[PDB]
Each structure stands twice: as C-alpha cells, then as structure tokens.
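**Student:** Sequence, then the experimental structure. Questions to follow.
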Amino acid sequence: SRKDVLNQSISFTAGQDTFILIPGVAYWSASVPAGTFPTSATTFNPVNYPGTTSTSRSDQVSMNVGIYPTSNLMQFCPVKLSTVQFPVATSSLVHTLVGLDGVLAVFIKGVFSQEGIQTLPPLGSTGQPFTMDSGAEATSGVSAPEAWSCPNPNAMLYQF
Amino acid sequence: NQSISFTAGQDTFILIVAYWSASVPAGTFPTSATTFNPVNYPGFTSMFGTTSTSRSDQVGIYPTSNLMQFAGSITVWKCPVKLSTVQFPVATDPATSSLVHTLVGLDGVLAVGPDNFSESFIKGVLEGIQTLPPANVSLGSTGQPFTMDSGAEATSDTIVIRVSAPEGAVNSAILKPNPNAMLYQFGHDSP
Amino acid sequence: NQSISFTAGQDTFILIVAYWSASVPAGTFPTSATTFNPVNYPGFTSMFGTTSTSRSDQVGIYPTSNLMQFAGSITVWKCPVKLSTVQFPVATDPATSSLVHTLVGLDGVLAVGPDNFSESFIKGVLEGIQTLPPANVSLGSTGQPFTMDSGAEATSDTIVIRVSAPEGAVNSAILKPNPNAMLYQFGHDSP
Amino acid sequence: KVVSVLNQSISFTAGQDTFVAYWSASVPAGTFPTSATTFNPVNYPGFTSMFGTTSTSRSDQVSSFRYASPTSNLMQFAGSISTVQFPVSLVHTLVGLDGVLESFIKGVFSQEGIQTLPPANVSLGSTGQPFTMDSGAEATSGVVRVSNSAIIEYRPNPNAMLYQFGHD
Amino acid sequence: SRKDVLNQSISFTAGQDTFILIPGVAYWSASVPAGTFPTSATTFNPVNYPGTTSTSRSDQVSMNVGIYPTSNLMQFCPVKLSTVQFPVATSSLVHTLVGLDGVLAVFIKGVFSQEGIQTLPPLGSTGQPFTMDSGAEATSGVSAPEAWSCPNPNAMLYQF
Amino acid sequence: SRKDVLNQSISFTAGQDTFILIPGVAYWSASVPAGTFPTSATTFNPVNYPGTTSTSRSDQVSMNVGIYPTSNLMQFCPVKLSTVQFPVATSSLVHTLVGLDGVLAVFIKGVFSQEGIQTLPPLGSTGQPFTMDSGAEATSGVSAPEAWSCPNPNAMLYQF
C-alpha cells in the first residue's frame, strides 16, 4: 500500500564510474574507478526510503525509477536471493547471492524506463562476485572522465 | 543416448538428475549404505564450470539383447520427491541447531506401489549442494532412507525404474539467465 | 544395398559421399589419424571417367542378426558440414600463402549432441579434390579433426551413425549437364 | 535448431580525423587513408569463451551463419560527424571496397589463416585494397569520418554447450 | 545499368570453320580449320565492348546477340567457372574451366535467338579442353567451304 | 551530365588563415599564416571529386558551393588560363596563370552563395603570384585567431 518516493540529490563521482543499482531500500550504487567493474573489493551501503532491532522488524509485516540532471551543461539480470551449503571444519545453510556477475558485464538527457539481514555475506566461498552490506542496524536493515515505485491486527498499518 | 548392459544377480535403480543407477542384489531394495553417483549429461561441466561456487554463475528404453536369454523385467511405480529441510540441535560450544537439506516422502521407492508397469523385459518400455545429506551430518538424523553422493564436483515426477537381472541373464539396453555469458545471444524469448 | 557385418571391439562411423565408415574402438571417437576411404556408388567410374581432370567432363538400416546376441546400438546426432577455405603463409622462395580446402564446424561429431536416436540395435533404424586436406599440407594446419582419404581416383544434412559393437557381438545389417555426352538424350527437363 | 552489443565510452584523437564491434582507423585531420594504415579492431564482451582462441579455431562452436541486423560538454567539443589472384596461388581480398576513401554534437543513429587482408607474405599492390586488416593478435580473436568524448541466428555445432539453449 | 551494343563487322573465314562463342567481353570466336573441332592447340583472344592494371579494375565495382549478313548473295552448355586442386612438387587452388567439352560436340538468313584475370590456364593438367586468353592487360581483362544485351560512393557510375 | 557533390569534412586551421578557392577538382585552399596573404612560397595541392596517365585521360572526353559549421559554439576575379612566351638561352609557349593577384587582395553562420596538366608552372618568370600544383599524377590531374555544382562512341559515358 506504500508509494515510495525519494527526491534524491547527487553530486556524482567525477572520474569514478558510478554503477547505480535498483523493500524500503531506495537505491544502491557502489562507486567503481574509471573504466573498471566492481571487484570483490567493491561494496555499497545502501540508501533507504525514510519513514527497532534486527530481531524485531517483523512487528508490522512496482518499478520505474528515473534519473534527472542535477547539473549544468558544460562540466560533463533477473537476480534471485539464493543460499549456500558449505561443509564446516568445526554443515550450515546461510545466505549468499548470485546474479551479480550479470552486473559487471552487460548523457545529460537522462534515463527513465521500466529476519537478521544486515550483512550478506553472513565473499568468495559465498560465490558472490562482491560484498554487500546495509551498515549499522538502526540506519538500514555512468562514467565521468577526468526511487519512485509501487500487516497484523496490532500494528499501525492495519487501519490503512 | 548410450547403450548399456547389466550384471546378473542385481537390479538397478536408475532415476529420472536422470543418471543415478543405484543397485542392490536381485529382489532386494536400497539400503542406508546405498549411495550412488552421477554420470553426467551431454555437455555439463562447460555450462556450470569447474568451480563449485560457480555452479550458478550463468543461470522410454529398448533392449539390446537376444532372445533365448528370455529373462527379465522393468518396473516403474511412482512417488514424488520433495527437497525439504531438517534442523537438529548439536551440543557445540555454545550448542547450535543446524538446518540442513533432505529429500522427504520418498519411501514409496522402498516398497510396492499400487500403480506399475511390470511384465517381461524383451519388449522394452541451490548453491552448495553435493550429497543428500552433506558432510558431517548423519543419514540417520535425516530419516531419509539413503544418501546419494555427487563426489567430484570438478567432474560434477521423479521416476525410478526397477530392471531385475536374474542369475544368468544378458540384460542390456539403450539408456539415456544472467546477461554475463553468451547465452542471451543464444536465448530466444518466451512465446 | 549390400549386406554387412561389423567386428566386435569397435564402432563404425558411416556418413551420409554416403560411403565412409570410419571406425575406432568401442566407445571411442575419431582421431587425427582416423583416415578412411570411399567404397563407391552403384555405377560411378563410368560416369566421371578414369581420368582425374575428367571428373567434371560430363556434368534406414535394418539388422541382419539373430536374437540371443542381444547387444548393440545405433546413434545418430547431427551437425552440419561446410567445405570452406583456409590460407597459410609458408616461407618458400619467395614466401607464399596457399589457400586450401577444409570442412569446418564438424566438431559436433566428436561429442554427444543433445538430439539423438539411441536405443537398442535389433529393431534397426570441385575439380582436383582428393582428400581433405590434400597432399603436402598438415591436418594440424587446418584444425579440422581428421582427414578422409580418397586414394585411388582410378577407382574413385551430413548424417553420421554410431553403431557400437561390444565385445562378443554379432553386429550385422543391410547398409547401402554438358551437351557432349549421351545424357541429354536421357535428360528430362525440370517441371 | 538455431542459436540466438557494445556499451563503450571513447574519445577521439585530437587533430586526428577518425573513421568485432568496429574496425576503422583515424587519419590526420582532413586527410585520407593509404597503404600504410591498418586498424586494430575491438570485440564483443566474453565472446572468446564462446568462440575459440587459436590459429586453427574459427569453427569449433558455431558452424555457419547469416546476419539479421557524447561524453563531453559544450565547452571543449570540436569536429564533425572476395579474392584476388596473383603470379609468383590464391588469396582472399575484398573487392570494390575503395569507395569509403554537421558537427560532433548531434550524434549518430544507424544500423583459419585469416588474420590479415592482404595476408602475411603478401603485398597490398596486387589486391587493390587501400586499407589493411590486422585483426589484432589471433590469440584473442579473429575474422571470417569524425572531425570531444563520446561512446543473429547462427548455425551451431552440436557439441557446443550453447546449443542446449537453441530453438528453431 | 549498362546496355552493351557493338556493331561488329566481319570478313569471316573462308575455309576455316569459325566457331563463335557468346562482362565487357563482347564475343569470342576461335577460328578452327575445315570440318574439325577446337583442339587443345586452339585459342581465342576476345573482343570487348569498348569504353588500369589487372590489380586495379575493382575501382568501380541479358542475352540475345544477333548475326547479320555482311556480304553478298553468291560468294557463300551451361558452363560454370570452376577451379583446381593440384598437388605440387615444390598445394594451390587456381582457376580452370570445364564445360568446353560441350562446345566441340553439340545460311545467309542468319541467326538471332535468346582480380588478376588475364590468362586462364593460370592446359591438360587444368582439365580445360583448350586454352583461353585475354591477351595484353590493358586491351582486355559456321563453316565456309573452299553483342547486344542487358559501384561505390567514389567512382563514376555512382551518379547513374 | 555530372553532378559533383562532396560531403567534405574539416578541422580548419586554428591560427593559420585558410584561404579557400573554388573540373573534377572540388576545392583548393592553401593555408596561409595569420594576417598575411599568399606569397610566392605559398602553394596548394587540391582536393578532387573521387570517381590513367597524364597522357591518357582524354580517353573519355554550375557553381554554388556551401560551407557549414563542423564545430561547436565556443572554440571559435574572373580568372582565365593564359600562357607565356619567353626567350630561351638554349622560344617556347607554355602555361602560366594570371588573376591570382586578384586573390590576395580583394563567422559561424557560414557561407553559401553563387593533356599533361600536373604541374603549373610547367614562378616569377611565369608571372604567377604563386605556385600551384596537383601533386602525383594518379591521385590528381577565413582567419582563426590564437563542392556542389552542375564523350566518344567507345568510352563509358556514351550510354548516359
């Protein structure tokens, strides 16, 4: 029933090739250097549509982002969330993510088209091409040369 | 695909990923230690690589026997196989509960089903998974009746047969995405 | 046309000009040295002469085996064969680059294809060219996997079989203009 | 059963008028190509894993074929958008090709031994080509004007693993 | 787009049996003696519709000839261009021509119905019944007892 | 019958004052330095509408050029062909050209309005203010501070 909007502002990365990707989480853009692709060393910590613990957030319970020029006129994969079996030398089944390999390999007009999760890897043994994250628990769950999308009987969304 | 022959005294249990021919002596059923192997598809290891974690980085029969060996059978029931989960509490330091995989409901395999094909032979008719169960976990913890072993991953309805080769029988037959890789340029769409 | 038998231990690779039965041991695939011969058509040498340069101067199967030898297979994929060209620079005096012929894309032959017929056997189912490659040029320069040798020209989809004769098997079957010459007076026109 | 692209940002050489994905050179500004010039082409991503690598590998995965078919700012920009035979013996050569011989802003919208044309130990003068193929190194790939920064169903082989996802 | 016409005049061969055959090249008629057929020793050098090197002519890029009496009233195969493999004692693939065998074996009213090439053989080993030619490079690329037929953006034909 | 067109592209001479002048020959522009005029030392070698020897070209046998900006928005005489008598100390009559004196002496919007010859001088004694040329035989017969115009019975143009 939500209608996520986020008038986000950027000063983009001059030089660094910003690779922008994409439920509260608004968008994701690890900043990669010039010409290259996200290595295993590359990571982003997201942005979120604003408005708990990572053991609580279950208490309560669509596309077409656009990018528009914040600047003047002269300075310029179907991914699913898998998991992993891995034998231990102490057997588990924990989360990993495939499909990121379909990200590294495939102006001013701009483009419009279209519990416990905090740290996923829970690299390399996970099979993820690189490392995510969402940072601290409370605050979260294009080359330069040199989000607008979309209970229980005791929590707030029940009325609407 | 290939062309096959079976040894006397035994019956083989090939399944429909469509190559695991478990085998026990003639008349018998699989055991706990019944633990077979895969003999892979036409063209497999190129598709999902030599690297284990790279396993998701792209995303009837007829006899070959003569006639005066008149002896044999085929038998197919069927049972559904569901890959499910099972936890177990283990007194580690501190004590843990490990959730692991299991195929369940298979036990129609180990016995006669009501539905069948059974007359003579000569007419003819996720990431990380290696074995079920994997290492360090007992088959007896699962309660699924047997393990099936992938082994070398550098090499690596559910319908099972029962072809019974009695003693002194020649039992022989003809048995059988991410944008990154090139397969989009091979990919045709859904109609 | 004729009626044939095959030796144990081997599998033959007959092709569809429709007579070149390459043969390797049982289970194996052709080699570089796999180099077969033609066994010609009904009535050939009269048509295109005994003279080499005069080669353009006019312009299923069923078994023959019994039953208690119950053993065998047929296997047919298919792959297209395209006669193409290949050059190569050779340090002659002065150094030359010789363009020569090659059949390319054949390499589906050397492996399992997805599409097939494979169950038991007993049911049944330009000017100058001599060999590919010709003389004085290496097969390794071409990269086509094998040579096929015409030999004596005074005697002289592309579909290949795989009939596998295992050890101790009786594997047997029934296998198969210019105005100058008289054939205009034989020639009927296109409809 | 048949089997079923480049995003690349590039700036062109200043003072140098510029002609798998593309194979075209740059001349001096206002000038034309001659016998001295070849071009090192570019590729599609990752195709070599699908194609082949060697000095014998064209035709190991796919047999044959038929062919269906501005990074700068407004302050620094400038500029504008077979076979021949011979005595010493047969060499391939593209024939009739010679006829190749407002301003940059508005952009453009439009639709083995074989490593050199003319080949190794072979001259250009017999061939009538103005321009030389080089194809880069064969170890990576192979083959069978703008004057300031800017940007097919095949007959397969059945052994090839691409063919387990082909269609008619 | 060409419309080759050639008002050709002949004084024919009295005695010698003239065997007249047939892209600029207008017609071809090796003159053979009385009664016989073209031997391997027989050759013609063509005529051409008028209006370079044999390494240049690529710079730029339909039937019914008739024969009409030039004289008074009392004095009187689907061929295709093949090539040849031949092993060398030094391996090549060079041009030859078959179908000429369909030429040697099958008045005044007259008859109307219907790079590097200079020397082809590049005889006998070629399999040609006889020897062509076109003569010098620049000037070219019926028994007596005793042609009217039918680019690149830098050469002249581009406008029409 | 020809309709010469030539989509010519330039990067012009920054600094050097390009003086652009004007049958296959498309245009002519000797590049002269800043402020000055073509001296005797100044020369151009032409461009030509594309598509022989200089003793052959007789084998076969209208205005309004326009100039249009190839570039962005911030980085920026009735002549007749005479001849010459000259006494020799060895008497001839060879070619020279007058009217070039009416060339040395008289933005972005752009302007639209309106055998044996290879080296002519065959300077100074010729009376030409400066030296032409057409360069090699086969390939041919506005200040920066710091062509679209318009036989014999044996050559190709005879049909059209």
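**Tutor:** Nice, thanks for sending it over. Numbering: from 1, shown residues only, chains lettered A, B, ... in the order given.
**Student:** Show me what from chain A comes close to chain D.
**Tutor:** A:73, A:74, A:75, A:76, A:105, A:106, A:107, A:143, A:145 (Cβ under 8 Å from any Cβ of the partner chain). Every residue, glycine included, has its C-beta placed from N, CA and C.
**Student:** give me that answer again for 10 Å
**Tutor:** A:17, A:34-35, A:71-76, A:104-109, A:142-145 (Cβ under 10 Å from any Cβ of the partner chain).
**Student:** Over to residue A:3. Which of the three states is it?
**Tutor:** coil (DSSP: H, G, I helix; E, B strand; the rest coil).
**Student:** check contacts around the residue nearest the centre of chain A.
**Tutor:** Nearest residue to the geometric centre of chain A (Cα atoms, centre = their mean): residue A:28, 3.6 Å. Residue A:28 sits next to A:19, A:20, A:21, A:22, A:44, A:45, A:46, A:47, A:132, A:134 when contact means Cβ atoms under 10 Å, 6 or more residues apart in numbering or on different chains.
**Student:** picking that back up, in helices only, show me the residues of chain A next to chain D.
**Tutor:** residue A:104 (DSSP state H).
**Student:** Can you show me the strands along chain A?
**Tutor:** Ranges of strands in chain A, per DSSP state E, are A:17-21, A:28-32, A:83-86, A:92-95.
**Student:** Tell me which strands the second one pairs with, and in which orientation.
**Tutor:** Same thing as strand A:28-32. strand A:17-21 (antiparallel) (DSSP bridges).
**Student:** Which one of the contacts of residue A:28 is nearest to residue E:118?
**Tutor:** Relative to residue E:118, the closest of these is residue A:19; by Cβ to Cβ it sits at 60.4 Å.
**Student:** Select, out of the strands of chain A, the one closest to residue F:138.
**Tutor:** strand A:17-21 (48.8 Å).
**Student:** export that closest one as PDB, just CAs?
**Tutor:** This file holds the C-alpha atoms of strand A:17-21, laid out as PDB (Å, rounded to 0.1, in the frame of the first residue of the first chain):
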ATOM      1  CA  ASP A  17      32.400   5.300 -12.600                       C
ATOM      2  CA  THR A  18      29.200   5.200 -10.600                       C
ATOM      3  CA  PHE A  19      27.300   2.000 -11.100                       C
ATOM      4  CA  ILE A  20      23.800   2.500  -9.800                       C
ATOM      5  CA  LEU A  21      21.600  -0.500  -9.000                       C
END
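**Student:** Could you list the buried residues of that strand?
**Tutor:** Neighbour-count burial for strand A:17-21, with 16 or more other Cβ atoms under 10 Å in any protein chain shown as criterion, is recorded at A:17, A:18, A:19, A:20.
**Student:** Pipe those into TSV and attach distance to residue E:128 per row.
**Tutor:** Output for these, formatted as TSV (distance: Cβ to Cβ, whole Å):
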residue	distance to residue E:128
A:17	64
A:18	69
A:19	66
A:20	69
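**Student:** What is the nearest of the residues you listed to residue E:67?
**Tutor:** residue A:17 (75.4 Å).
**Student:** Who does that closest one form a beta bridge with?
**Tutor:** residue A:32.
**Student:** For it, give me its contacts.
**Tutor:** A:30-38, A:142-145, D:9.
**Student:** List only buried entries from those residues.
**Tutor:** A:30, A:31, A:32, A:38, A:143, A:144, D:9.
**Student:** how close does residue A:23 get to chain C?
**Tutor:** 41 Å (Cβ to the nearest Cβ, to the nearest Å).
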